[PDB]
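Below you'll find only one chain, the form solved without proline, shown as C-alpha cells.
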C-alpha cells in the first residue's frame, strides 16, 4: 500500500506545514503538523480545556464508532520552543491520503500551552521521529509510520515541502518526477530517537565550500535552520546591517537586503537553499528589521535541519532495517 497527502504552509512565512488526516469512523478530518522531530500523534479534542481552544478543529472520541480508550494511558510532551501538551489516549483508525492504520494511538489533549491555542490552523501533531521518543505511559505507543511500515510498498516516507506553495508527504513510495538528479543517501543514528545525520559542510552564497562535519536532525517540525555559531556567524557576516539581537532573540537583518543562498553538503552532493527562503519578515508588525531563517544552535544542544533546509530538497526518510536519509535537489 501507499499514501499521498498535500502539505500546506500555515501562513505567508511558512511558519509550519499542515496536512489533512482522517481520524475515526465516520472520518473526522484534522489538519496536523507532520513532525519528524517528535513521536506523538496528538490532537485538539472534545476534552481540551475550553479556554485553550481557539479556532481549531477537534476530535470527539465519543462520536467515533472505532474509538477505544486505552486504559490508564496518559501522555505529556514538551517541545524545544517551550510549548507543551498532555492528556489521555485512544486507539482509532487513522488515514493519510488513502493509507489506513487501524488501532493507531491518537493522543487526545486535555491541556495545551498558549502557543498551540494561538495557532488556530494547527489541530495537532503527527510524530514521524522513532517510536522510542513516544511519551505514552505506562505503555509506550508506536508512530503512524511504524504501524503502516510493514504494509507499505517500500518502508519509506518522503517530505516535499514547498516555499510559499503546496507540497506533498508520500508514504510507501518514491516519486521519481518530484526531484532532479539523484537521491544521495546518508547514514542515520537513531540513538537520540531522531533522524540524525552528518552534513559534510556548507557554503555561503557563491563562496568556497567548507568541509566540516555538522551533526544535526532532519526536522519538519522545526521552522528554521539551527547551525553552529561559527557557521551562522559566517553566513550573517555576508549581509550588510545584520546583527545578533538579544532582545529579538536571534540574528536580524535590514528588510531591504537580498539574502545570499546557503548550501549544505549531503556526502558529495549539495543542497542550495535560496536566499529568499531565509527571510522571516519583520521582527514586529511594521518594523523595517527582519528576522533571519538561519539561527545559532548554541542554546539548543543539537543542530536542526528544519523546514528552511528541508523545503529546498526532496527528502527520503528510509525506514529500511538500517534507517537512512536521502536528499535530492528539486
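Positions refer to the first chain, counted from 1.
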| query | Can you tell me which stretch has the higher mean Cα B-factor, 244-252 or 231-239? | reply | 244-252
| said: Going by the CA temperature factor in the PDB record, which third of the chain does residue 146 belong to: lowest, middle or highest? | reply: highest
| field | Chain-relative CA temperature factor third for residue 197 | value | middle
| note | Temperature factor at the Cα of residue 72, chain-ranked in thirds, falls in the highest
| Entry-reported Cα temperature factor of residue 267, expressed as the chain third it lands in | middle
| message | Where does the C-alpha B-factor of residue 281 rank in its chain, lowest, middle or highest third? | response | middle
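Separately, the form solved in complex with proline exists; it is not shown, and the next lines address it.
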| Among 92-100, 202-210, 70-78, 156-164, which stretch has residues with heavy atoms no more than 4.5 Å from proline in the deposited bound form? | 70-78
| task | Mark residue 110 yes when one of its heavy atoms lies within 4.5 Å of a heavy atom of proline in the deposited bound form, and no otherwise. | result | yes
| said: Please determine whether residue 146 contacts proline in the deposited bound form, using a 4.5 Å cut-off between heavy atoms. | reply: no
| message | Need the contact residues for 86-102: heavy atom within 4.5 Å of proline in the deposited bound form, sequence order, or none if there are none. | response | 88
